[PDB]
Amino acid sequence: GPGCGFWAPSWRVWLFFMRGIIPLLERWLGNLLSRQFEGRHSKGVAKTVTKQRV
RNA sequence: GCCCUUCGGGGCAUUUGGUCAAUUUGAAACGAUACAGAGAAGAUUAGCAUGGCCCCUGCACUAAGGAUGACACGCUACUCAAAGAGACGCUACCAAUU
């Protein structure tokens with residue numbers, strides 16, 4: 001049942017997950033804020049020829 | 001304030017900063033309501049694009065979606081003739097039933 005408080009291994013796991021997730025989310029959130037504060041550039045950087053566009 | 005002094009003097013430290021704390025008049029946007037109302041030459045519609053002073057959602061400013069996201073569907077002389085054939089064109093208008 002409940003009573004096991006040996007939490008250091010799982011806590012470790014989530015710290016290392018955070019280590020990897022910081023560069024990805026700081027980039028993603030920075031781009032969220034770029035859209036929010038200067039707007040979306042819609043075209044201009046060219047779109048690739050994907051499968052639906054071949 | 002402190003320190004030094006040869007008691008005359010000298011030293012240490014040196015220029016912040018975000019338009020006020022004040023919501024009518026220097027800029028928020030839905031929803032409700034009213035209304036209308038969805039592409040491809042009969043009917044019904046899978047979409048993929050194209051162009052940018054149209055954008056939205058998205059990390060994607062090298063996905064995807066938004067009705068195939070929408071827009072598109074008005075308007076329409078102007079580098080501009082030549083041949084040969086006509087013209088009471090360019091003037092006048094005119095005297096017998098028995």
Side-chain angles (χ1 to χ4, degrees):
Chain A
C4 187
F6 209 69
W7 49 247
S10 281
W11 161 82
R12 282 179 106 237
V13 166
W14 293 105
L15 299 173
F16 305 132
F17 161 86
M18 274 323 274
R19 168 202 174 174
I21 210 71
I22 295 170
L24 180 74
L25 284 176
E26 294 200 333
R27 181 160 103 257
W28 283 10
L29 290 172
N31 277 350
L32 191 153
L33 296 168
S34 299
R35 266 204 282 113
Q36 189 61 214
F37 278 108
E38 64 246 42
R40 159 187 298 116
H41 287 186
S42 52
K43 284 167 165 175
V45 189
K47 298 187 64 85
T48 65
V49 180
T50 54
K51 268 181 197 155
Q52 68 192 47
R53 276 188 297 282
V54 164

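Reckoned from all heavy atoms, side chains included, excluding hydrogens, waters and symmetry mates. Note on naming: letters A, B, ... go to the chains in the order of the sequence lines (proteins, then strands), and numbering restarts at 1 for each one.
A distance of about 41 Å separates the P atoms of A64(B) and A34(B), rounded to the whole Å. Taking atom P in both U76(B) and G58(B), the straight-line distance is 46 Å, to the nearest Å. When the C1' atom is compared between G65(B) and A46(B), the two are found 16 Å apart, to the nearest whole Å. Rounded to the nearest Å, the gap between the P atom of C12(B) and that of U5(B) is 16 Å. Only the P atoms considered, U68(B) is 30 Å distant from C75(B), to the nearest whole Å. Going from the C1' atom of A43(B) to that of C61(B) covers 44 Å, rounded to whole Å. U45(B) and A38(B): their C1' atoms are spaced 11 Å apart (whole Å). Taking atom P on both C56(B) and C73(B), the two are 24 Å apart, rounded to the nearest angstrom.
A41(B): sugar pucker north (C1'-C2'-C3'-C4' torsion positive). Judged by the sign of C1'-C2'-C3'-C4', the sugar at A87(B) is north, the angle being positive. The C1'-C2'-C3'-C4' torsion of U25(B) is negative. Its sugar is therefore classed as south. Using the sign of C1'-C2'-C3'-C4' as the criterion, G31(B) is classed as north-puckered. On the basis of its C1'-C2'-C3'-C4' angle being negative, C80(B) carries a south sugar.
By the Watson-Crick or G-U wobble test, with both distances required under 3.5 Å, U15(B) and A43(B) do not count as a base pair. Under a 3.5 Å limit on both donor-acceptor distances, the bases of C71(B) and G51(B) meet the Watson-Crick or G-U wobble criterion.
Between the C1' atom of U62(B) and the CZ atom of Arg27(A) lies a distance of 13 Å, rounded to the nearest Å. In this structure, NZ of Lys43(A) is placed 7 Å from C1' of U50(B), rounded to the nearest angstrom. Atom NZ in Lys51(A) sits roughly 16 Å away from atom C1' in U62(B) (whole-Å rounding). Distance CD1 (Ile22(A)) to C1' (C59(B)): 17 Å, rounded to an integer number of Å.
Searching all strands for a Watson-Crick or G-U wobble partner of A40(B) with both distances below 3.5 Å returns nothing. Nucleotide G18(B) forms a pair with no other nucleotide shown, judged by Watson-Crick or G-U wobble geometry with both contacts under 3.5 Å. Nucleotide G84(B) forms a pair with no other nucleotide shown, judged by Watson-Crick or G-U wobble geometry with both contacts under 3.5 Å.
Placement of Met18(A) and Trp14(A) within a single hydrophobic cluster is found when ILVMFWY residues are connected by side-chain heavy-atom separations under 4.5 Å, directly or transitively. Cluster annotation: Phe17(A) and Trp7(A) are assigned to distinct hydrophobic clusters (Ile/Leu/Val/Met/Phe/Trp/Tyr, side-chain heavy-atom contacts under 4.5 Å, transitive). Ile21(A) and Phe16(A) end up in different hydrophobic clusters when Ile, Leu, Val, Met, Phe, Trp and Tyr side chains are linked at under 4.5 Å.
Remark: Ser42(A) is not in phosphate contact with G52(B), judged by side-chain N or O atoms under 4.0 Å from OP1 or OP2. Remark: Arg53(A) is not in phosphate contact with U62(B), judged by side-chain N or O atoms under 4.0 Å from OP1 or OP2. Taking 4.0 angstrom as the limit, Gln52(A) places none of its side-chain polar atoms (N or O) nearer than this to OP1 or OP2 of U68(B).
Base stacking between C56(B) and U57(B) is present, with six-membered ring centres under 5.5 Å apart and ring planes under 30° to each other. Base stacking between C90(B) and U91(B) is absent, since the six-membered rings fail either the under 5.5 Å centre distance or the under 30° plane angle. With the rule of ring centres under 5.5 Å apart and planes tilted under 30°, the neighbouring bases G17(B) and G18(B) are not scored as stacked. For the pair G37(B) and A38(B), the rule of 5.5 Å between ring centres and 30° between base planes classifies them as not stacked. For the adjacent pair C35(B) and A36(B), the base rings count as stacked: centre distance under 5.5 Å, plane angle under 30°.
The stretch residues 28-41 of chain A touches RNA chain B through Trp28(A), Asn31(A), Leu32(A), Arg35(A), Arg40(A), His41(A), each having a heavy atom within less than 4.0 Å of the strand.
Between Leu29(A) and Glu26(A), the closest side-chain pair of non-hydrogen atoms is not below 4.5 Å.
Within a 6.0 Å sphere centred on CZ of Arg53(A), other residues, nucleotides and ligands contribute more than 12 heavy atoms.
Scanning both residues, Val49(A) and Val54(A), for their nearest heavy atoms gives CG1-CA, 3.7 Å.
Expressed to the nearest 0.5 Å, how far CG of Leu33(A) lies from CD of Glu38(A) amounts to 9.5 Å.
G17(B) adopts an anti glycosidic conformation, its chi angle falling more than 90° from 0. In this structure, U25(B) is classed as syn because its glycosidic torsion stays within 90° of zero. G51(B) takes the anti form, because its glycosidic angle lies more than 90° either side of 0.
Annotation: of the two residues near RNA chain B, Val45(A) and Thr50(A), the 5′-most nearest-nucleotide partner is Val45(A).
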